[PDB]
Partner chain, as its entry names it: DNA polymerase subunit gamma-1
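What follows is a single chain, given as structure tokens, in the form solved without its partner chain.
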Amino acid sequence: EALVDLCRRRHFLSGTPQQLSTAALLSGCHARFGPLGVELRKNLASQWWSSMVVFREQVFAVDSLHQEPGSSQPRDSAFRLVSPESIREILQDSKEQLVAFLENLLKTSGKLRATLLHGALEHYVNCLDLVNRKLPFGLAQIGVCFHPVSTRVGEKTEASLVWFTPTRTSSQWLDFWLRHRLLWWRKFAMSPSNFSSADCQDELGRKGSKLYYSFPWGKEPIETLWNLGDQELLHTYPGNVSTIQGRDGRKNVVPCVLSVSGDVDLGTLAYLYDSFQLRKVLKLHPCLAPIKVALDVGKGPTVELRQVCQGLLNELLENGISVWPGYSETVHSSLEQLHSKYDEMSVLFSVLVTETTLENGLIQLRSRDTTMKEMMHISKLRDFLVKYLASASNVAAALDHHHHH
């Protein structure tokens, strides 16, 4: 409970006490994140987009509606979208008509999506043209999906990659992606071993794999990879099968479909738990930590020190480095209280500007990781930070192009 409490306290998480139970956190029935949490999730999403889309020339972005055509025939559980008017129009405005009306709702009402797969399949022919039918290629999208709880509606941010490839290399690609995705979660982890995988198969015998994170109450699947075959793709283009073929060298084939879907929200919670260390400190990876640095003032002329801090902030923000402007506060807290709070907020570095600074331009820099302080000239702070971050980011990008198996 210490982790969730700290997170709610420091605004990584949001919600009432009833909304902070493990069940409520996993249901997705309420917006789980506070500002610092939204920032962390945004950074995670960015890292996903860089590794899966930006750095892979065969992967394109796709966007699809949150709502899908109504059917009800299959008897699925997706929520239906019903116009309040139509309901009012039949009410205040027979018994056999009411039943007919209800029958209509079920059969014709649109529904909220449960996965991002269909959005990709629907845009497959378009991307086929974009790449001149050359296989393999993928469609990526990060978006919210809905799922029924217990009658509550849960919302989950899904990160999806749908990979179209000839059947003959489908097995190898599934293995390539499983390895690539596992290493992606681990490069940001304090305890990489807490991120694991397990192979599986579906009711139809199709192979796939799942990635898990070991939460205190057990392992939860944060990502799944499935080798779906061509069934769903074929069903998406009835009567046009002859024209949805891609090129596998000199051969034309209906591609096999690999679906890779990660849960960004659960993944964000995963890093929060993974970063918690005992002084309570959250050691989120430098690329994920919402706030990179904090600027505060020590003893000395208020207005002048604040001015120096303001210049430093502008310079950092201009470099895209997030900054917590602690010097703006009433600052009636001790140094120990300040550092303990920053440690809980996962602030990478805290800087202290004082009278001395006005004299020899030196500032005190405290590292969240080691908690060791040290002097440095205010003119070198930007360079140190920019470099420290690039180095962390470069280490994490070590194997982004490694050819697995």
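Residue numbers count along the first chain shown, from 1.
Beyond what is shown, the protein has a form solved in complex with its partner chain; the following relates to that form.
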**Item:** Selected contact from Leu234, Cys287, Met190, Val253, since only one has a non-hydrogen atom within 4.5 angstroms of its partner chain in the entry with it bound
**Value:** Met190
**Request:** Look up in the entry with it bound whether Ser379 has a non-hydrogen atom within 4.5 angstroms of its partner chain, and give yes or no.
**Result:** yes
**Message:** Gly249 versus its partner chain, in the entry with it bound: is there a non-hydrogen atom within 4.5 Å?
**Reply:** yes
**Non-hydrogen atom contact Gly218 with its partner chain in the entry with it bound at 4.5 angstroms** = no
**Request:** Consider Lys299 of the chain shown here, and say whether it contacts its partner chain in the entry with it bound, taking contact as heavy atoms within 4.5 Å.
**Result:** no
**Message:** With the distance limit set at 4.5 angstroms and only heavy atoms considered, check whether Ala23, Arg206 and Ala270 all reach its partner chain in the entry with it bound.
**Reply:** no
**Prompt:** So which bits of 164 to 190 sit within 4.5 Å of its partner chain in the entry with it bound, heavy atoms only?
**Reply:** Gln172, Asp175, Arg179, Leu183, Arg186, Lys187, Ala189, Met190
